[PDB]
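# A structural walkthrough
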Amino acid sequence: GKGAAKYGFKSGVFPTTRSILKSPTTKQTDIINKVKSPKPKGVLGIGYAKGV
Amino acid sequence: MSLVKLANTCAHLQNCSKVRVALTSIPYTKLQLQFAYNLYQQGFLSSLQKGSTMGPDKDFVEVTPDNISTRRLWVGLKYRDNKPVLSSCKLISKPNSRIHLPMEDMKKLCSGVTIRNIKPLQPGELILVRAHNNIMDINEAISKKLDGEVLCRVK
Amino acid sequence: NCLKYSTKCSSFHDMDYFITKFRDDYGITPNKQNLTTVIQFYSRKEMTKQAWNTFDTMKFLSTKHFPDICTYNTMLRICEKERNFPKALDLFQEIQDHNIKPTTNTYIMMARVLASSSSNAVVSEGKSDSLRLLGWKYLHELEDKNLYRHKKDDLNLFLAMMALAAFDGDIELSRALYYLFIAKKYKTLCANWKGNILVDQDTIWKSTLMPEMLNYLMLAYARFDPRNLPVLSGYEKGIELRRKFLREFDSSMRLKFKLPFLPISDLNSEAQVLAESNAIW
Amino acid sequence: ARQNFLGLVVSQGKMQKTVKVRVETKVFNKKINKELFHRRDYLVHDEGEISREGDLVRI
Amino acid sequence: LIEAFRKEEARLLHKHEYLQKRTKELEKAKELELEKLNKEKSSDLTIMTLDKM
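Rules behind the numbers
- Residues numbered from 1 in each chain as written, not as in the entry; some residues may be left out.
- Chains lettered and ligands numbered in written order.
- Part of a larger assembly, values for the part shown.
- Heavy atoms only, no water.
- Helix = DSSP H or I, 4+ residues; strand = E, 2+ residues; numbered from the N terminus.
- Rg over C-alpha atoms; globule rule 2.2 N^0.38 Å.
- Buried < 20%, exposed > 50% of the residue type's maximum accessible area, 1.4 Å probe, protein only.
- Contact = heavy atoms within 4.5 Å.
- Areas by Shrake-Rupley, 256 points an atom, 1.4 Å probe, with all protein chains shown as cover.
- Polar contact = N/O pair within 3.5 Å; in protein donor to acceptor, adjacent residues only side chain to side chain.
- Buried area = accessible area lost by both parts, 1.4 Å probe.
- Salt bridge = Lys/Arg side-chain N within 4 Å of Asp/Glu carboxyl O.
- Nonpolar A, V, L, I, M, F, W, Y, C, P; charged D, E, K, R; others polar.
- Pairing = 2+ DSSP bridges.
- Axes fitted to C-alpha atoms, helices over the stretch in contact; angles between N-to-C directions.
- Core = buried A, V, L, I, M, F, W, Y, C linked by side-chain atoms within 4.5 Å.

The name given to chain D in the PDB entry is 37S ribosomal protein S17, mitochondrial, with Saccharomyces cerevisiae as the source organism. The title attached to this entry in the PDB is "Yeast mitochondrial small subunit assembly intermediate (State 2)".

The PDB entry lists chain A under the name 37S ribosomal protein PET123, mitochondrial, from Saccharomyces cerevisiae.

## Notes on the overall build of chain D
What chain D contains, in helices and strands, is zero helices and four strands. If you list the helices and strands of chain D from N to C, you get β-β-β-β. In terms of C-alpha radius of gyration, chain D reaches 14 Å, well past the compact-globule figure of 10 Å for 59 residues. Along the three orthogonal principal directions, the C-alpha set of chain D runs to about 45 × 25 × 15 Å. Of all 59 residues assigned to chain D, the portion counted as buried reaches 22%. Intrachain contacts of chain D at a sequence separation of at least 6 include 47% that bridge at least 24 residues. Just so you have it, chain D exposes about 4600 Å², and 49% of that area is on carbon and sulfur atoms.

## Concerning the environment of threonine 57 of chain C
Inspection of the secondary structure puts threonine 57 of chain C in helix α4 (residues 48-61). Assessed through its relative accessible area of 2%, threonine 57 of chain C is described here as buried. Each C-alpha atom of the pair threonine 57 of chain C and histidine 98 of chain C lies 16 Å from the other, and the pair is 41 residues apart in sequence. Discounting residues that sit within four places of it in the chain, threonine 57 of chain C has contacts with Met48, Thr49 and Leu50 of chain E. A polar side-chain atom of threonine 57 of chain C sits 2.6 Å from the main-chain carbonyl oxygen of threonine 54 of chain C.

## What to know about the interface of chain C and chain B
Between chain C and chain B, the residue contacts involve 15 residues of the former and 17 residues of the latter. Between chain C and chain B, the buried area comes to about 1400 Å², and carbon and sulfur atoms account for 47% of it. Summed over the shared surface of chain C and chain B, the result is three salt bridges. Across the salt bridge formed by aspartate 90 of chain C and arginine 80 of chain B, the nearest N and O atoms sit 2.8 Å from each other. For the interface between chain C and chain B, the tally reads eleven residue pairs in polar contact. Sorting the residues of the side of chain C that touches chain B by element identifies α4 and α6 (85-97) of chain C as the ones contributing at least two each. Sorting elements by how many residues they give to the side of chain C that touches chain B places α4 of chain C first, with six residues. Split by residue class, the side of chain C that touches chain B holds four nonpolar, five polar and six charged.

## Side note on the arrangement of the chains
For this structure, the chain pair with the highest number of contacts among six pairs of chains in contact is chains B and C. Across the gap from chain A to chain B, with no contact made, the nearest C-alpha atoms are 16 Å apart. One thing to see here is that chain A and chain C don't touch, and their nearest C-alpha atoms sit 43 Å from each other.

## Some remarks on the sheet that holds strand β2 (residues 45-52) of chain B
Taken in spatial order, the three strands of this open sheet run β1-β3-β2 (chain B), and their pairing is antiparallel. Each edge of the open sheet carries a strand with a single partner, namely β1 (23-27) and β2 of chain B. Adjacent strand axes in the sheet meet at a mean angle of 30 degrees, parallel and antiparallel pairs treated alike. Sheet topology note: the β1 of chain B/strand β3 (residues 71-77) of chain B ladder contains five bridges and is antiparallel. Among the inter-strand pairings, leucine 23 of chain B is bridged to a residue of β3 of chain B, identified as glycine 76 of chain B. Helix α1 (residues 3-19) of chain B contacts β1 and β3 of chain B of the sheet and is inclined by roughly 170 degrees relative to β1 of chain B. Lying on the sheet, α4 of chain C is in contact with β2 and β3 of chain B; it crosses β2 of chain B at an angle near 40 degrees.

## A closer look at the interface of chain B and chain D
Counting residues at the interface gives five residues for chain B, matched by four residues for chain D. Note on chain B versus chain D: buried area summed over both sides is about 410 Å², and carbon and sulfur give 31% of it. For chain B, the biggest contributors to the area lost against chain D are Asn96, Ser97 and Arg116 of chain B; these three give 76% of the whole. For the pair chain B and chain D, the interface holds one salt bridge.

## Brief notes about the side chain of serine 116 of chain C
Following the sequence through the fold, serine 116 of chain C ends up in helix α7 (residues 104-117). In contact with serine 116 of chain C, not counting residues within four places along its chain, are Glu80, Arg83 and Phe167 of chain C.

## Notes on the sheet that holds strand β1 (residues 6-15) of chain D
All names here are of chain D. Read from one edge of the open sheet, four strands run β3-β2-β1-β4, paired in antiparallel fashion. Only two strands of the sheet have a single partner each, and these edge strands are β3 (34-45) and β4 (56-58). Neighbouring strand axes in the sheet, compared pairwise and without regard to direction, differ in orientation by 45 degrees on average. Sheet topology places β1 next to β4; three bridges connect them, and they run antiparallel. Pairing of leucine 6 across the sheet is with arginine 58, part of β4.

## Notes on the nonpolar core
Judged by nonpolar contacts, the single largest core of 113 residues is most densely connected at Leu39, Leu45, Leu48 and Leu73 of chain B together with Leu45 of chain E. Here this core gets eleven residues from one element, more than from any other, and that element is helix α11 (residues 171-191) of chain C. Those residues in contact with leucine 45 of chain B that sit more than four places away from it in its chain are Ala36, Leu39, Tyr40, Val75, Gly76, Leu77, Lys78 and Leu86 of chain B. The next biggest cluster of nonpolar side chains, apart from the first, holds 15 residues, and it includes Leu101, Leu109, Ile127 and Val129 of chain B.

In structure tokens:
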């Protein structure tokens, strides 16, 4: 009963709604640009360095 | 930015209020100067002055590394209706436990809701917050939509 | 002197130019007097926040730069413009705390601040009558001791009194003070006029009729309420002061130049108030 | 993205192509009511064996 | 199925546009406070103040 306060006081659960499109579409320019953008270099980034 | 020094300053101001001295001196640093200015704007302090360890500056003195060790900020305390205007000065975010609140939690704290065991803001009280190395009152930090470290209580 | 004239003409560009010129080319930064003149500049431009910041710096920089009674009187004037009486009382208490000796201007400024604050319930925080009484008390405190007088202060004093009379709706006191001021001013100017009295009537009368005094008298008329009891009546000192002013007004009327005040000590009805407002206007 | 942790090398040369990296993370403990650092050591691949003890790296 | 796919794609693009509008409006809101502040600091007597210190 307590935890329901987080979820709008609704008791019970619905199954998680499924996404019709599992992967992003090619018309989403922003997602492609973020994907294609140069990866941040170094440790605050996400990728292996040039020499390593 | 030493919270230890802010705690020491708070205790010093409380002790000065107890013995009812009209003037007192605190360390001359950016954090202490901003904190004293915020107290003065609210009317808790009578006057701010820059001076040496011996007293206020008779003539304007530029601050340099040569004399930084001997610089002090002299604050004039207020005692009205046989009561100290600045009675109690305490810390919320302590060195052992530092409390950084997002803006919505800061509003909740101002709105009578206890957040992270901090007593809610009282009517005639002032809570100071640090955001981006700037000291302000909680109301301003909420109006600026700035998440910040909740430092001290002055009632 | 440069900043003084620049304030008198209220030219921001001249103030800025003179300050920048002195700093850059002569190595002179404003002292206590120049900073006070800058505060008066900010007051003239209705720039209260900048004036308060300059006052804070005056305290901050050094003891030589620390404000004295003149700067505190300027801040009291700023509070009067703001109608901010808690700050006025706080500044008076600070003046006492820092051992600065008040002056006549200080008491007159405090009385005027309280009179202005007592205009409405909203600005006075519902304490209008008490604020007017406190202003009268400040005037009495001035009466007690000589302090340092200034040639203009006397004029200011009377304005303060009329303010306390005007915001109280004290039509009897307002009428008496207005008649006293107009009579004394015309008598003094006629006594000390090089030109012949008859020819220069226009100039003398123009100088006599101060617009602010008329404005205060009309304000006293506008705040008329028959059930109102003057705040100054409660005190024994206040009632004696009222008796003195009213007696002098009556005696002067009984005793050239004439004003259209009705031959009655006080107005007890609305029609007479309208008649006197039209007559004086 | 692939999980990324900033760390300090605390052991190297003990094993072939493997190092120990000291990862600190921010956690909130309710019983204390405090944000404190929680520490762990990960066994990490070092191909080329470039990293040395005391170096500051990712894993 | 065709209708569902096409409407889903249009819905995603519409959310992207909505977020663009939101962010742009916030940036012009920052421009607004830029306009407001210069009014206050157009009153520069170029003396040094304590709040500026």
